[PDB]
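See structure below.
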There are 6 protein chains.
Amino acid sequence: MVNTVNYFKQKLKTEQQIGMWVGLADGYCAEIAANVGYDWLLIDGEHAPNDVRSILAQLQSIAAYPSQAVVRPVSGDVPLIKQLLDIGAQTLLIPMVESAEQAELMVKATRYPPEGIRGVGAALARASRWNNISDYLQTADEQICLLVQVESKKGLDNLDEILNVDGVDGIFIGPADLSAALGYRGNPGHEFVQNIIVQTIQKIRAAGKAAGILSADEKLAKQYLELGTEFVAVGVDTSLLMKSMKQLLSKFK
Amino acid sequence: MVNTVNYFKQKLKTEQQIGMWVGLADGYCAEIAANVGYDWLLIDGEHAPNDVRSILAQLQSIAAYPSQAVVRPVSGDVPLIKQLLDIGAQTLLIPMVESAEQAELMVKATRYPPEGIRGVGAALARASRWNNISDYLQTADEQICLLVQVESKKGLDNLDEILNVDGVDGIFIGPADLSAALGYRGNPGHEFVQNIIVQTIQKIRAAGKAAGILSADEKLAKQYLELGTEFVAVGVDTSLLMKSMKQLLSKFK
Amino acid sequence: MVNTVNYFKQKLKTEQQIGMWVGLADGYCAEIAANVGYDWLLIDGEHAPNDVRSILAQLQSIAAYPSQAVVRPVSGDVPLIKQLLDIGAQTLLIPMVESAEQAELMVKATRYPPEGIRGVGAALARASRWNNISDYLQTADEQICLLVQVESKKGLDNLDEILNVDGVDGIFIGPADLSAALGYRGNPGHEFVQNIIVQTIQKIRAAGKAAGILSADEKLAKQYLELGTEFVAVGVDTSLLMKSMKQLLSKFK
Amino acid sequence: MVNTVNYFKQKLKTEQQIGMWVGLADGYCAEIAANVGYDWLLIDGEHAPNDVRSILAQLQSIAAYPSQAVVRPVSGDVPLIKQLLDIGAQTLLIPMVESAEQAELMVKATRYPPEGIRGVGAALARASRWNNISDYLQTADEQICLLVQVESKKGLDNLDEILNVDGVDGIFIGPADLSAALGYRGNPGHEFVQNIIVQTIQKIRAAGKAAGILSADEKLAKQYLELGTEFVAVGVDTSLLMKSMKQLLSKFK
Amino acid sequence: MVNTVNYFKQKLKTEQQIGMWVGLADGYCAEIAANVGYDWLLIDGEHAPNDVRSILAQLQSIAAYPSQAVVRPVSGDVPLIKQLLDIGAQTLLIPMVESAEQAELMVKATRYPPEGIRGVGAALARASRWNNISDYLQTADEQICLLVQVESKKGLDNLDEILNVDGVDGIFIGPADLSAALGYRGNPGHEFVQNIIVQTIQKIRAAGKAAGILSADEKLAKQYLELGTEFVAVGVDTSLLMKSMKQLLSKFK
Amino acid sequence: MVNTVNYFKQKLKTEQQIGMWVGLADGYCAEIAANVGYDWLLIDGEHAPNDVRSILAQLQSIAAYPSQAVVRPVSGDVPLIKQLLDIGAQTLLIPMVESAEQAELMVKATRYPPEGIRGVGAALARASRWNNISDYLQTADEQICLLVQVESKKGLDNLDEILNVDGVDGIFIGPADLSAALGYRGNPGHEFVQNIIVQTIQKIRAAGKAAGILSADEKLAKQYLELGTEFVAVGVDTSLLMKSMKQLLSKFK
Ligand SMILES: O=Cc1ccc(O)cc1
Ligand SMILES: O=Cc1ccc(O)cc1
Ligand SMILES: O=Cc1ccc(O)cc1
Ligand SMILES: O=Cc1ccc(O)cc1
Ligand SMILES: O=Cc1ccc(O)cc1
Ligand SMILES: O=Cc1ccc(O)cc1
Ligand SMILES: [Ca+2]
Ligand SMILES: [Ca+2]
Ligand SMILES: [Zn+2]
Ligand SMILES: [Zn+2]
Ligand SMILES: [Zn+2]
Ligand SMILES: [Zn+2]
Ligand SMILES: [Zn+2]
Ligand SMILES: [Zn+2]
């Protein structure tokens, strides 16, 4: 078997990928999302009740479908990154990255020694399909994609430095965390926040990196796509479930 | 503690209750549905991948909310009915009921000896809150609600006989199973099927029983409500999730 | 490896075994019970929310401890008996047995062909420790113990016939189900019920079978032990947990 | 989406399919087996500790790989067959089939009304991918494969009658159950048993049905393949795990 | 929906709240405890085998009952605090707090930016009921209660400094950890330890903070209540289960 | 009850113990391994998808068998070490230990105050069997065994310093991590790596500590045993399962 090709990673340079957030934290719900045709599915280990084992179940569900899996760990924790790579997550989204030094450590966390610090345990791992991918230890590093979130004042204060880190494939903007950091908690739609987001997207793309963002607002998402933003998540499974059930009830009250 | 009052059962005689089908088979998804404000939630043990333990988890989630839980077992199995009553399901929907003799057996399955055949194990049961409902064995039978599905030719052939069974609180019409039985599989919207459904609702209500049905078609559901149908399910969580995610993607293709 | 010796089965002829009911339905709770020193633990698949997989977990927990495991299935279902024997349950308690013909079928359900109807799948089974017990198919039948419950009027109406069935090792009296059947639901302590229980114990022992019962009433349990009842359950984990937490709170209200 | 094509079913007429028994009862273990390249994987719901939900997890794991999944339910139970079809099992292996009447009922259990009795609940089902397979109710019956086990004297006594049932795609011989039924429990390798198995394979193929069997004996499996047996399972995951770990320890004692 | 009111937090200034430790690590056991009527239930993520997902299940069980849930994470880990707040834990008990600097960080960990560092992910969170609490991001901080444990020499060495931290609602004394730190491991009942505990309770209350403690000793618990201690846990579910089962067996040996 | 004797720890001074790696992450798979007769089983929390709760399940399975359990946490995390000790893991293997200061902290992490920093919560813990081991807090430290991995250049750079730490019972060499660190990723068999491993084994034993290693290569494992290496793992369950299923299929292709 050849290593699973990371089409998400390749498509960062060739197209604009439409994403769905997966916070239902469940192999069965993840399979439903995987049937829709999103370019990418974000398995949220930061803000949904997930652990390594529930994320594994969702990777197994999604694996039968073309949608590419991206996993967000709860934090930039090196041992947790090791665990998520070994269950076979090929793209990671690291929250709250705030310096070039932290971004460099996240690069190393995703690459084998001697160049990186990814723990070596291929025989045991779904990532190597238990060494059924015979040359995994030689071919792994190439299909791993590292995305980092800029979503605080300190992140924006270190944006140019992070954008200079070789091995950061993409910078994703978190409007909820960023709007709160800016003192507009719950109000990312404000011009003050939006002008900072647009400028940030322009700088990311000017430095030759992929830009990404989430917005459930159709108009904002289409604006970000018009700016050339490479990976745009356009909705959240929990939000779509709740809103669809509320809209239906409202027809009958 | 006094036994949990079955408001679903009481409301069969005082109002028209709006229902949501719950097939996501998960305590977390069931809690999301429970926040919307449906009069009743159908935990589907027949067509969703549920067992006694997953149904228990969903009852625990839903219990903090006003929405009344109704459980559909996979079949009219007496021992399975015993298990679902003991985890505390107070309303059951029995699929594919086809005779007065079967309906009478389902009545007995929901009531303690000496009048019924419900196995006695109160001490162990969430139903008695582990005997924290001190008079459970005396007050249980009153808050249990039995609904039976008529959804085959043999069911329609025994409709008058089933409607004469004391202890059947409601007859629910299954348009998917009924349309297939009638040789209109996938096409319940056909006038042939709909005239049989309308006549069936009229007969159920004429015999003094509650009538129920599921339709995701807003126009049909409102027609059934105009006829006086007591319990109408108007949508399905899996369908709402899938359709909402597809409609969103279609805005970006 | 030699087959696990069923010490419960042997001790039916040599001593009076003290039992604890396990309805917490959980490997961790079952292990707590296993540390106490009960002769036998009843893993309740009839009145606690258990399935084959949760019963397996509890058998695995208990297996490190001297306490002997007895499993109650939800009903005398032949395929479910097959499943519980293959996960390695060596003693089964069948509820609501009401005829010699049903007791004979339960005997056959526990024994391999050609003499019985137990499905043969030893290679796959914890029962054979995956053929690590090399002679399992020749030695299995001997360590299997069949107990049947008499707990209805029809059971009492067929008591002499059931007591004549070769392969029934024990008859257990269910006071909750029996008192309800007799029209004393919730009141097994009444003289009418107790005289029937004592007479039933005497008849069981007179026919050379082991007699069993559950009572959380210390005086009744000690009375049953004085009559020579071979297997007496003296409490229930859910009941002891609830009562101990209530008694503690009452000291502080 | 078009309905998933049942390549197992088509290949019953075009080649000899090599199978692996999956009794480890776990999505992660099922995925390991799925990487090997077996034509088919038997998810054992009869002799491994599986339920609908654990079988679902294994179907989800296996679905990303070419290996075709076959599910054995604990018995020919119509409602359980309904559940296993709805989670998306397209091939079923029914144990202990003993008459034309039982085989006909298993045929109906796998087909929608009006011709069959399969319960209609497509909207909710992984089988329809929650109606993402738009014409599922018209195209389902064609990709369902029914296999029945002949593995008792009564099965052999009704072999010609079972072989005349339209809708039975395959007859599988169970050497463990059959050798026990014949009074050679644990000794299927005996000439008495083997001549009956060979004769049975010849009769199955002469009636135009697919023949199947399990043997972990390489010589017996190759003999069955030389006779033209269409679906041959050649090993069991639990057995291969135990034997490989024992053989390794023996090198070091 | 308005944000769930934290009655535990309000009652810290109006009454003395009686608590039960919940270490059975299970939604079903947590529900049993929730029926008793304790003012508060401590879901132990430090010394019972719990993770985010098992703590979620227990919050869901408890949510239907008046008992207020308090969650102890394994350590003062900022990302784990984020996870436990998002599943809807409104009161946290942080173990082994040893400085004003660590207590200040725990305050920030529980509050949204710009004043705190709680990660913003309301849409996804049971805490917001998936934005069904429409103003959650404005009303969340007010219903969050922060308790910190002083249970080491360094904690006692920094007691006055911790008691001056705005945002610490309560200091809880850990007699097991504290007695071990003092070189009286397993002997918290010693006068040396008890005089330090009493002095510590007096200092906590004199600084205007709530004092808390656990003791399964009825006399010690009543002494702590007489001193005015605001939140007193009086027992542990695992201990009450084990002791009740041992005391029962001892009546029969 | 007296504390469980750690026979693994005692046998480090009396014999050479043969080990099996357990990465199938499952109580049922762990029990299969437990039946084989390995001296020790490594429950891998670093490179298999395990958490505290799945490791607990595997400890419960294994506990009925003579095989000694060793648990590898994901990293030398003090709170996670506390959790694994409380579920009753008596031997820990800490990955990627690189200094005397880190080894000393791991020693303290495994011992109660006042000498160590192990959090005290015995009442709640399977480790004390919920205080059924009445003197657990006095007898625990003696049956705890600490192993550390040297598997990086920094580890080898601090080998003499680590070997001087009182309370390190064993140093385990990780050939996958070490060969990668040395720029021979995937090629530990090279003479450059092997000479370093042999020298390292000699230095460990010369300092009076137990030496350990894993090799699935029978010749290398036997060479390590001839050098007197005290704890040698000779295979991995995932590897043996995959290889045995592949070898079987190759006989039939
Ligand atoms: O610990 C990591 C590891 C690496 C390769 C193996 O074969 C087994 C374990
Ligand atoms: O088996 C049912 C049962 C009833 C009451 C109890 O207390 C225990 C068990
Ligand atoms: O189907 C049961 C069975 C029996 C023996 C085996 O080796 C495998 C399966
Ligand atoms: O009960 C089955 C069912 C069928 C179709 C639906 O849309 C919902 C439920
Ligand atoms: O990542 C956090 C998040 C916040 C709000 C959303 O709607 C979705 C995700
Ligand atoms: O927090 C730990 C703890 C210690 C002893 C107990 O009895 C209960 C909890
Ligand atoms: Ca978990
Ligand atoms: Ca289950
Ligand atoms: Zn964010
Ligand atoms: Zn139907
Ligand atoms: Zn009973
Ligand atoms: Zn068979
Ligand atoms: Zn403490
Ligand atoms: Zn390593």
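Ordered as shown in the structure tokens, chains take letters A, B, and onward, while each chain numbers its residues from 1 and ligands are numbered from 1 in the order shown.
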Which residues, written as a PyMOL selection string, have at least one atom at most 6 Å from stretch 223-239 of chain E, with only C-alpha atoms counted and residues fewer than 2 positions away on the same chain left out? chain E and resi 12+16-22+210-216+220-221+241-243
Selection above as a file: C-alpha atoms, as a CSV table (one decimal), in the first residue's frame:
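So selection-v7.csv came out as:
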```
chain,number,residue,atom,x,y,z
E,12,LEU,CA,-22.0,30.0,49.0
E,16,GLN,CA,-24.2,25.5,54.1
E,17,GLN,CA,-24.3,23.1,51.2
E,18,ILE,CA,-24.0,19.3,51.8
E,19,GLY,CA,-22.1,17.4,49.1
E,20,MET,CA,-21.5,13.8,47.9
E,21,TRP,CA,-18.3,12.7,46.0
E,22,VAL,CA,-19.1,10.9,42.7
E,210,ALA,CA,-16.3,30.2,51.0
E,211,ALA,CA,-14.5,27.4,52.9
E,212,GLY,CA,-15.0,23.7,51.9
E,213,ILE,CA,-13.8,20.3,52.9
E,214,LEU,CA,-14.5,16.5,52.5
E,215,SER,CA,-14.9,14.2,55.6
E,216,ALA,CA,-16.6,10.8,55.7
E,220,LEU,CA,-15.5,15.9,61.9
E,221,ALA,CA,-18.1,16.9,59.2
E,241,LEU,CA,-21.1,1.2,48.0
E,242,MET,CA,-18.1,-0.9,49.3
E,243,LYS,CA,-19.0,-0.4,53.0
```
Write as a list in words the residues around ligand 13, taking 10 Å as the cut-off and counting only C-alpha atoms and all ligand atoms. residues 46, 47, 94, 95, 96, 149, 150, 151, 152, 172, 173, 174, 175, 176, 177, 178, 179, 180 and 214 of chain E; 119, 120 and 121 of chain F
With C-alpha atoms retained, could you export that selection as a compact mmCIF listing (two decimals), in the first residue's frame?
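Dumped to again_0.txt:
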```txt
# COMPACT_ATOMS: atom_id res chain seq x y z
CA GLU E 46 -8.68 13.73 39.41
CA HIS E 47 -9.06 10.44 41.39
CA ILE E 94 -8.91 22.89 40.96
CA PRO E 95 -6.58 20.53 42.89
CA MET E 96 -3.20 21.40 44.41
CA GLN E 149 -7.82 23.33 46.76
CA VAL E 150 -5.24 24.17 49.44
CA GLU E 151 -3.77 20.73 50.28
CA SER E 152 0.08 21.06 50.46
CA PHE E 172 -11.46 23.70 49.60
CA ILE E 173 -9.16 21.82 52.05
CA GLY E 174 -8.00 18.34 50.93
CA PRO E 175 -7.33 16.36 54.17
CA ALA E 176 -5.79 13.30 52.38
CA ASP E 177 -3.22 15.32 50.35
CA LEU E 178 -2.66 17.79 53.26
CA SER E 179 -2.11 15.07 55.96
CA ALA E 180 0.34 13.27 53.60
CA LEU E 214 -14.50 16.52 52.55
CA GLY F 119 -1.75 12.79 44.59
CA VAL F 120 -3.52 11.00 47.47
CA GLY F 121 -6.99 9.60 46.63
```
Fit target chain C, mobile chain A, all Cα in order, as a short mmCIF file (atom, residue, chain, number, x, y, z; two decimals) with C-alpha atoms, in the first residue's frame:
```
data_model
loop_
_atom_site.label_atom_id
_atom_site.label_comp_id
_atom_site.auth_asym_id
_atom_site.auth_seq_id
_atom_site.Cartn_x
_atom_site.Cartn_y
_atom_site.Cartn_z
CA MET A 1 -5.49 -24.71 30.32
CA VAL A 2 -8.23 -26.86 32.04
CA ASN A 3 -11.87 -25.51 31.82
CA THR A 4 -12.69 -23.05 34.71
CA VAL A 5 -14.25 -25.20 37.52
CA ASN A 6 -17.84 -24.09 38.35
CA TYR A 7 -17.49 -23.92 42.19
CA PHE A 8 -21.04 -22.44 42.42
CA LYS A 9 -22.39 -25.63 40.79
CA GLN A 10 -20.34 -27.93 43.13
CA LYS A 11 -21.25 -25.90 46.25
CA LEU A 12 -25.04 -26.39 45.52
CA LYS A 13 -24.50 -29.84 47.19
CA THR A 14 -21.99 -28.89 49.99
CA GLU A 15 -22.91 -25.44 51.47
CA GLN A 16 -25.25 -22.41 51.51
CA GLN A 17 -23.93 -19.68 49.13
CA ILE A 18 -24.55 -15.95 49.96
CA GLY A 19 -25.28 -13.79 46.88
CA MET A 20 -25.30 -10.12 45.87
CA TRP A 21 -27.47 -8.81 42.98
CA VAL A 22 -25.43 -6.72 40.45
CA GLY A 23 -27.62 -4.21 38.55
CA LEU A 24 -25.15 -1.30 38.25
CA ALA A 25 -24.51 -2.71 34.71
CA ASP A 26 -20.86 -1.68 34.59
CA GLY A 27 -17.39 -3.44 34.67
CA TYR A 28 -16.08 -0.94 37.31
CA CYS A 29 -19.11 -1.34 39.71
CA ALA A 30 -19.03 -5.16 39.20
CA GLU A 31 -15.32 -5.17 40.26
CA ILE A 32 -16.22 -3.24 43.49
CA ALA A 33 -18.87 -5.94 44.30
CA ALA A 34 -16.32 -8.70 43.45
CA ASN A 35 -13.92 -7.40 46.21
CA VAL A 36 -16.49 -7.92 49.04
CA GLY A 37 -16.38 -11.78 49.32
CA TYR A 38 -19.94 -12.85 48.25
CA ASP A 39 -20.13 -16.54 47.25
CA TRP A 40 -21.99 -15.45 44.05
CA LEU A 41 -22.79 -12.28 42.08
CA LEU A 42 -25.98 -12.15 39.89
CA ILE A 43 -25.30 -10.08 36.73
CA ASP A 44 -28.88 -9.04 35.95
CA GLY A 45 -29.62 -9.00 32.18
CA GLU A 46 -33.41 -8.97 32.89
CA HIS A 47 -33.98 -5.90 35.16
CA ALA A 48 -30.72 -3.90 34.74
CA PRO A 49 -29.67 -2.15 31.47
CA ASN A 50 -27.23 -4.89 30.31
CA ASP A 51 -26.47 -6.48 26.91
CA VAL A 52 -24.01 -9.26 25.91
CA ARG A 53 -21.11 -6.73 25.69
CA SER A 54 -21.77 -5.09 29.15
CA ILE A 55 -22.17 -8.61 30.70
CA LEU A 56 -18.80 -9.64 29.10
CA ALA A 57 -17.09 -6.59 30.70
CA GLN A 58 -18.53 -7.57 34.16
CA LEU A 59 -17.40 -11.25 33.75
CA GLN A 60 -13.86 -9.97 32.92
CA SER A 61 -13.83 -7.71 36.07
CA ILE A 62 -15.19 -10.42 38.41
CA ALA A 63 -12.91 -13.17 36.93
CA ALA A 64 -9.86 -12.02 39.03
CA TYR A 65 -11.85 -12.69 42.27
CA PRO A 66 -13.24 -15.82 43.97
CA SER A 67 -16.96 -14.68 43.73
CA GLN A 68 -18.78 -16.96 41.21
CA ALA A 69 -20.72 -15.18 38.40
CA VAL A 70 -24.36 -16.10 37.66
CA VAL A 71 -26.02 -14.38 34.65
CA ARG A 72 -29.76 -13.76 34.33
CA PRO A 73 -30.80 -13.33 30.66
CA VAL A 74 -33.89 -11.14 29.85
CA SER A 75 -35.86 -14.36 28.98
CA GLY A 76 -35.36 -18.07 28.16
CA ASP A 77 -34.22 -17.16 24.61
CA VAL A 78 -32.12 -20.02 23.10
CA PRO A 79 -29.87 -17.80 20.88
CA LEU A 80 -29.24 -15.33 23.79
CA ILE A 81 -28.34 -18.31 26.07
CA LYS A 82 -25.83 -19.39 23.32
CA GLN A 83 -24.29 -15.84 23.35
CA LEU A 84 -23.98 -15.71 27.19
CA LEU A 85 -22.40 -19.23 27.37
CA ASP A 86 -19.81 -18.27 24.68
CA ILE A 87 -18.67 -15.08 26.56
CA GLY A 88 -18.04 -17.56 29.40
CA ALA A 89 -21.06 -17.35 31.81
CA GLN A 90 -21.03 -20.83 33.43
CA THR A 91 -24.23 -20.43 35.54
CA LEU A 92 -27.52 -19.05 34.10
CA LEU A 93 -30.71 -18.05 35.95
CA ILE A 94 -33.71 -18.26 33.51
CA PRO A 95 -36.67 -16.03 34.53
CA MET A 96 -40.37 -16.99 34.43
CA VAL A 97 -40.04 -20.75 33.74
CA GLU A 98 -43.61 -22.18 33.74
CA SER A 99 -43.46 -25.84 32.43
CA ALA A 100 -41.32 -29.03 32.27
CA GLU A 101 -41.28 -28.56 28.42
CA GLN A 102 -39.72 -25.02 28.82
CA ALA A 103 -37.27 -26.30 31.52
CA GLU A 104 -36.19 -29.22 29.22
CA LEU A 105 -35.62 -26.73 26.32
CA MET A 106 -33.39 -24.58 28.67
CA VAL A 107 -31.42 -27.77 29.55
CA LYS A 108 -30.82 -28.47 25.83
CA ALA A 109 -29.99 -24.76 25.23
CA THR A 110 -27.00 -25.17 27.67
CA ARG A 111 -25.59 -28.45 26.15
CA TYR A 112 -23.77 -29.14 22.85
CA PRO A 113 -25.22 -31.37 20.12
CA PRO A 114 -25.94 -34.12 19.64
CA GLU A 115 -27.66 -34.23 23.13
CA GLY A 116 -28.42 -30.45 23.26
CA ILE A 117 -28.87 -27.45 20.90
CA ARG A 118 -26.09 -25.11 22.14
CA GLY A 119 -24.54 -23.59 18.98
CA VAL A 120 -20.90 -24.70 18.44
CA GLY A 121 -18.40 -21.81 18.06
CA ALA A 122 -15.57 -22.63 20.53
CA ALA A 123 -12.65 -21.08 18.54
CA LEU A 124 -14.25 -17.57 18.87
CA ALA A 125 -15.41 -17.80 22.49
CA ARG A 126 -13.99 -16.50 25.79
CA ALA A 127 -15.70 -19.70 27.14
CA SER A 128 -12.90 -21.87 25.52
CA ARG A 129 -10.39 -19.01 26.03
CA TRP A 130 -10.18 -19.08 22.16
CA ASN A 131 -9.34 -22.86 22.28
CA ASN A 132 -6.60 -22.29 24.91
CA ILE A 133 -8.84 -24.75 26.87
CA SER A 134 -7.84 -27.51 24.36
CA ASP A 135 -10.60 -30.09 25.26
CA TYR A 136 -13.36 -27.45 25.83
CA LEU A 137 -15.92 -29.17 23.50
CA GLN A 138 -15.56 -32.40 25.62
CA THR A 139 -15.44 -30.73 29.15
CA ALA A 140 -17.82 -27.70 28.70
CA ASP A 141 -21.20 -29.36 29.51
CA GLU A 142 -19.95 -30.56 33.01
CA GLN A 143 -19.14 -27.00 34.37
CA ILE A 144 -22.46 -25.44 33.11
CA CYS A 145 -25.11 -24.89 35.85
CA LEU A 146 -28.80 -24.25 34.94
CA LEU A 147 -31.09 -22.47 37.43
CA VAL A 148 -34.77 -21.73 36.58
CA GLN A 149 -37.08 -19.22 38.30
CA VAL A 150 -40.53 -20.24 39.57
CA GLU A 151 -42.29 -16.86 40.04
CA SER A 152 -45.85 -17.15 38.55
CA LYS A 153 -49.05 -19.16 39.26
CA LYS A 154 -48.33 -21.28 36.12
CA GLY A 155 -44.80 -22.01 37.50
CA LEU A 156 -46.30 -23.17 40.87
CA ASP A 157 -48.92 -25.12 38.80
CA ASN A 158 -46.02 -27.02 37.10
CA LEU A 159 -43.59 -27.14 40.10
CA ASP A 160 -43.58 -31.00 40.48
CA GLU A 161 -43.11 -31.40 36.65
CA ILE A 162 -40.19 -28.84 36.55
CA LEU A 163 -38.55 -30.54 39.63
CA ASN A 164 -38.53 -33.82 37.62
CA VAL A 165 -36.43 -32.28 34.77
CA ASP A 166 -32.91 -33.81 34.69
CA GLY A 167 -30.47 -30.95 34.10
CA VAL A 168 -32.28 -28.32 36.20
CA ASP A 169 -29.66 -27.83 38.99
CA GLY A 170 -31.67 -25.28 41.03
CA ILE A 171 -35.07 -23.58 41.24
CA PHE A 172 -34.96 -19.94 42.33
CA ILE A 173 -38.09 -18.23 43.78
CA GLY A 174 -38.75 -14.63 42.61
CA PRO A 175 -40.78 -12.96 45.44
CA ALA A 176 -41.49 -9.70 43.47
CA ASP A 177 -42.94 -11.50 40.38
CA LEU A 178 -44.59 -14.22 42.57
CA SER A 179 -46.26 -11.74 45.03
CA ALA A 180 -47.58 -9.69 42.04
CA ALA A 181 -48.92 -12.91 40.30
CA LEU A 182 -50.72 -13.77 43.59
CA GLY A 183 -52.38 -10.27 43.65
CA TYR A 184 -50.08 -9.03 46.50
CA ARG A 185 -47.96 -6.77 44.23
CA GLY A 186 -45.35 -4.94 46.37
CA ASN A 187 -46.28 -7.08 49.47
CA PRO A 188 -44.31 -10.37 49.39
CA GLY A 189 -43.98 -10.14 53.24
CA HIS A 190 -47.71 -11.20 53.58
CA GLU A 191 -48.29 -14.61 55.28
CA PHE A 192 -50.29 -15.83 52.19
CA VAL A 193 -47.17 -15.32 49.95
CA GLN A 194 -44.63 -16.45 52.60
CA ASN A 195 -46.43 -19.78 53.32
CA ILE A 196 -46.36 -20.51 49.52
CA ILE A 197 -42.60 -19.59 49.37
CA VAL A 198 -41.75 -21.88 52.39
CA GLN A 199 -43.80 -24.84 51.00
CA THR A 200 -42.10 -24.24 47.56
CA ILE A 201 -38.57 -24.30 49.14
CA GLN A 202 -39.46 -27.57 51.01
CA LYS A 203 -40.72 -29.23 47.74
CA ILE A 204 -37.60 -28.09 45.76
CA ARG A 205 -35.24 -29.62 48.38
CA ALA A 206 -37.45 -32.79 48.77
CA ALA A 207 -36.98 -33.42 44.97
CA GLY A 208 -33.14 -33.26 45.41
CA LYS A 209 -32.70 -29.83 43.69
CA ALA A 210 -31.00 -26.65 45.04
CA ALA A 211 -33.47 -23.94 46.22
CA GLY A 212 -32.71 -20.23 45.85
CA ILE A 213 -34.28 -16.86 46.60
CA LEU A 214 -33.56 -13.14 46.95
CA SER A 215 -34.55 -11.08 50.02
CA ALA A 216 -33.11 -7.72 51.17
CA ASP A 217 -35.00 -8.40 54.48
CA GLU A 218 -32.32 -9.77 56.90
CA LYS A 219 -34.93 -11.70 58.98
CA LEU A 220 -36.55 -13.40 55.91
CA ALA A 221 -33.09 -14.21 54.40
CA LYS A 222 -31.97 -15.83 57.72
CA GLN A 223 -35.33 -17.75 57.87
CA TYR A 224 -34.69 -19.06 54.29
CA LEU A 225 -31.10 -20.04 55.29
CA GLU A 226 -32.52 -21.87 58.41
CA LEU A 227 -34.79 -23.92 56.01
CA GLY A 228 -31.60 -25.09 54.17
CA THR A 229 -32.03 -22.87 51.03
CA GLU A 230 -28.80 -23.51 49.01
CA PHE A 231 -28.36 -20.08 47.22
CA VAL A 232 -29.69 -16.93 48.94
CA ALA A 233 -29.11 -13.42 47.54
CA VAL A 234 -29.28 -10.99 50.51
CA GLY A 235 -29.12 -7.56 48.78
CA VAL A 236 -28.92 -5.47 45.57
CA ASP A 237 -26.03 -3.09 44.66
CA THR A 238 -28.40 -0.31 43.35
CA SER A 239 -30.53 -0.53 46.59
CA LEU A 240 -27.44 -0.53 48.88
CA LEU A 241 -25.97 2.48 46.99
CA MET A 242 -29.24 4.51 47.11
CA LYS A 243 -30.08 3.63 50.80
CA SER A 244 -26.47 4.32 52.05
CA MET A 245 -26.45 7.77 50.31
CA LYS A 246 -29.96 8.61 51.70
CA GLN A 247 -29.07 7.47 55.29
CA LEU A 248 -25.89 9.64 55.16
CA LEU A 249 -27.76 12.76 53.89
CA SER A 250 -30.45 12.28 56.64
CA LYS A 251 -27.66 12.85 59.30
CA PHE A 252 -27.19 16.43 57.87
CA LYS A 253 -30.60 17.05 56.05
#
```
Using DSSP on the backbone, list every residue of stretch 14-173 of chain B that comes out as alpha helix (DSSP H), and give them as number ranges by chain. B: 27-34, 52-62, 78-86, 100-109, 136-139, 153-157, 159-163
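For the pair atom 1 (Zn, counted along the ligand's line) of ligand 14 and atom 9 (C, counted along the ligand's line) of ligand 1, the interatomic distance is 6.6 Å.
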